[PDB]
Amino acid sequence: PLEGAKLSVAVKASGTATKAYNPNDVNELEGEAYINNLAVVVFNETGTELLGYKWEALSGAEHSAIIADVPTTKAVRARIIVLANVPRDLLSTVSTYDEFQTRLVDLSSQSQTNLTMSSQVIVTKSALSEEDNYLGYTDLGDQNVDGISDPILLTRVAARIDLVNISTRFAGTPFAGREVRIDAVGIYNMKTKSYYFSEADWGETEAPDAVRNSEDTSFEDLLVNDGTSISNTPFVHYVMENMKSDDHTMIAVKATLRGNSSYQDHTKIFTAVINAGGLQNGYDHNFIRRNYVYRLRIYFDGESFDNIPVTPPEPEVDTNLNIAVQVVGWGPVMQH
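Numbered by PDB author numbering, the letters in the sequence shown go through residues 29 to 340, 348 to 371 in order.
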C-alpha cells in the first residue's frame with residue numbers, strides 16, 4: 029500500500045562530553061568504536077504505534093556509519109531510537125515504546141570489539157514526509173528532519189575500569205622493605221544489566237537488577253614494593269552504569285604481605301568504591317557513568333596489614356583500601 033516513506037540516518041559514536049581538543053581524553057582501545065550493526069526503531073509521537081524498524085549488519089564500519097531506507101509507514105511526527113551493536117532480532121519483537129524501554133542488555137554481550145551504543149530519544153517537531161527523510165546528513169543541512177544535520181550521537185551503555193598501577197608506602201613504617209604479592213583482581217558490586225537507551229542524550233541507562241561480583245583475574249608473578257610503576261595496566265573490565273544503587277562498584281584486590289622469618293604471610297581481600305569523590309575532584313558525577321573510563325591507582329601502607337608473629348584461613352575483607360581514581364573521556368585519535 030502506502031510504501032516509499034523511508035528514513036536514512038547518519039551516526040557518530042560519542043567520544044568525550046566536550047567537543048574540544050584534549051590528548052588526555054583519548055582512551056579508546058581498537059574495536060571499541062566498531063559499528064558491527066545499526067538498528068533504527070520508529071514510533072508515532074506517543075510511542076503507542078510502531079511505524080517501522082530496521083537492523084543491518086555492517087562490514088568495516090567504525091566511529092561513524094549510515095543506516096539507509098528505514099521504512100516509516102506514516103507521514104507523521106515520530107519518536108526515533110538509533111542503536112549500534114545490538115541483537116539482530118531485538119527490534120522484530122517491538123510493540124510499544126514503553127515496552128521497548130524495559131529491554132535489558134547483558135554485560136556478557138559487551139567486549140572490546142562489540143560495545144552497545146544508542147542515541148537519545150528523538151521526538152520530531154515536524155511530521156516525517158511520504159517520501160525520503162534524513163537525519164544527520166551534514167551536506168543536506170535543513171533538508172534533514174527538524175534540520176538535524178549533525179550525525180546522530182550514539183553513546184555507550186558500558187563503562188571501562190582500568191587498574192593502571194599498584195604500589196606500596198612502607199618507608200618509615202614497621203613494614204619497610206617488605207613486598208606484597210597481588211594474588212587476584214576483580215570487580216565487586218558490578219551492574220551486569222543495563223537499559224539499551226535513555227530519553228536524554230547520555231542519560232541514565234542503569235538497570236535496577238541486583239549487582240554481582242566478577243570472576244577474579246589471577247596473577248602468577250605480580251610482586252609490588254616502594255617505587256613499583258606498572259606500565260602494562262594488568263586489569264581492564266567493562267561494567268554497566270552504577271550511580272543510583274546503594275551497592276557501589278568496587279575494585280577488589282586479594283593481596284599477601286610476604287614474610288621475613290620474624291613475621292608470617294598476611295593475606296586479605298581489599299575493596300574500595302570507584303569514583304566516590306568524583307564531584308569533589310571536578311568531574312560531572314560520582315561512581316560509574318556510561319561511556320566513561322576509570323583509571324585506578326592502588327596503594328598499600330602501614331595500615332594495610334598486621335605483623336603476625338611466627339607460630340612455633349578465610350581472608351578478612353578490608354573496605355578501607357586507599358585508591359586514586361582518574362575519570363577520563365572515552366575518545367578516539369583525530370579523524371579525517
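Ideal Cβ placement from N, Cα and C applies to all residues, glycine included.
Coil, strand or helix - residue i by DSSP
{"i": "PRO51", "result": "helix"}
{"i": "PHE128", "result": "helix"}
{"i": "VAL213", "result": "strand"}
{"i": "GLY169", "result": "helix"}
{"i": "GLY175", "result": "helix"}
{"i": "residue 341", "result": "Examination of the chain shows a numbering gap from 340 to 348; residue 341 is inside it and therefore has no coordinates."}
{"i": "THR183", "result": "strand"}
{"i": "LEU79", "result": "strand"}
{"i": "residue 341", "result": "The model of the chain omits the segment between 340 and 348, and residue 341 is among the residues lacking coordinates."}
{"i": "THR46", "result": "coil"}
{"i": "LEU191", "result": "strand"}
{"i": "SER289", "result": "coil"}
{"i": "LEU119", "result": "helix"}
{"i": "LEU135", "result": "helix"}
{"i": "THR233", "result": "coil"}
{"i": "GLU84", "result": "strand"}
Closest residue to residue i among the options (Cα-Cα distance)
{"i": "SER259", "options": "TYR266, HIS265, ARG317, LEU250", "result": "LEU250"}
{"i": "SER36", "options": "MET271, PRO262, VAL173", "result": "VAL173"}
{"i": "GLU60", "options": "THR130, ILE108, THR141, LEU86", "result": "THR141"}
{"i": "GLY80", "options": "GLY164, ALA67, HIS91", "result": "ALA67"}
{"i": "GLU232", "options": "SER222, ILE95, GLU84", "result": "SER222"}
{"i": "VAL338", "options": "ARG105, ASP293, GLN308", "result": "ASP293"}
{"i": "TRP83", "options": "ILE95, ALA89, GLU77, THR74", "result": "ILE95"}
{"i": "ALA45", "options": "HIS313, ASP329, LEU324", "result": "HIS313"}
{"i": "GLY255", "options": "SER42, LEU143, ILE326, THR295", "result": "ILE326"}
{"i": "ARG188", "options": "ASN65, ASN270, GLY330, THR76", "result": "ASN270"}
{"i": "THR152", "options": "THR74, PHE203, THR166", "result": "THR74"}
{"i": "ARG105", "options": "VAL122, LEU78, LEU324", "result": "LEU78"}
{"i": "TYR125", "options": "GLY88, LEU132, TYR162, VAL69", "result": "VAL69"}
{"i": "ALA228", "options": "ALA89, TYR49, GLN129, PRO236", "result": "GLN129"}
{"i": "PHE333", "options": "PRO340, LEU163, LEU285", "result": "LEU285"}
{"i": "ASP190", "options": "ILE176, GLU127, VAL267, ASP178", "result": "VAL267"}
{"i": "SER289", "options": "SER136, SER139, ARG206", "result": "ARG206"}
{"i": "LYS102", "options": "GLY287, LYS34, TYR162, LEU119", "result": "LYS34"}
{"i": "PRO348", "options": "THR295, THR201, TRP230", "result": "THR295"}
Residue i: first and last residue of the uninterrupted beta strand (DSSP E) it sits in
{"i": "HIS265", "result": "263-268"}
{"i": "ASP97", "result": "92-99"}
{"i": "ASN72", "result": "65-72"}
{"i": "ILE108", "result": "106-112"}
{"i": "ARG317", "result": "Element bounds for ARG317: n/a, residue is neither H nor E."}
{"i": "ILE258", "result": "From DSSP, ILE258 is part of no beta strand (DSSP E); its letter is neither H nor E."}
{"i": "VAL149", "result": "Premise fails: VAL149 is in no beta strand (DSSP E) and is neither H nor E."}
{"i": "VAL363", "result": "357-364"}
{"i": "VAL37", "result": "34-41"}
{"i": "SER222", "result": "221-223"}
{"i": "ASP160", "result": "160-163"}
Residue i: CB within 7 Å of a non-hydrogen atom of the ligand NAD
{"i": "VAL208", "result": "Absence of the ligand NAD from the depicted structure is noted, as is the absence of any ligand whatsoever, leaving it without description."}
| query | Between the stretch 140-155 and the stretch 106-115, do at least 3 Cβ pairs fall closer than 8 Å? | reply | yes
| field | Inter-stretch contact at 8 Å, needing at least 3 Cβ pairs: the stretch 286-304 / the stretch 162-178 | value | no
| With contact counted as at least three CB pairs below 8 Å, one residue from each stretch, are the stretch 355-367 and the stretch 46-56 in contact? | yes
| query | Counting pairs of Cβ atoms below 8 Å between the stretch 241-249 and the stretch 152-166, do you hit three or more? | reply | no
| query | Is the stretch 175-191 touching the stretch 317-332 in the sense that three or more CB pairs, one from each, lie closer than 8 Å? | reply | yes
| query | So, do the stretch 209-219 and the stretch 263-277 have three or more beta carbon pairs nearer to each other than 8 Å? | reply | yes
| said: Taking 8 Å as the cut-off, does the stretch 197-215 touch the stretch 279-294 (at least 3 CB pairs, one atom from each stretch)? | reply: yes
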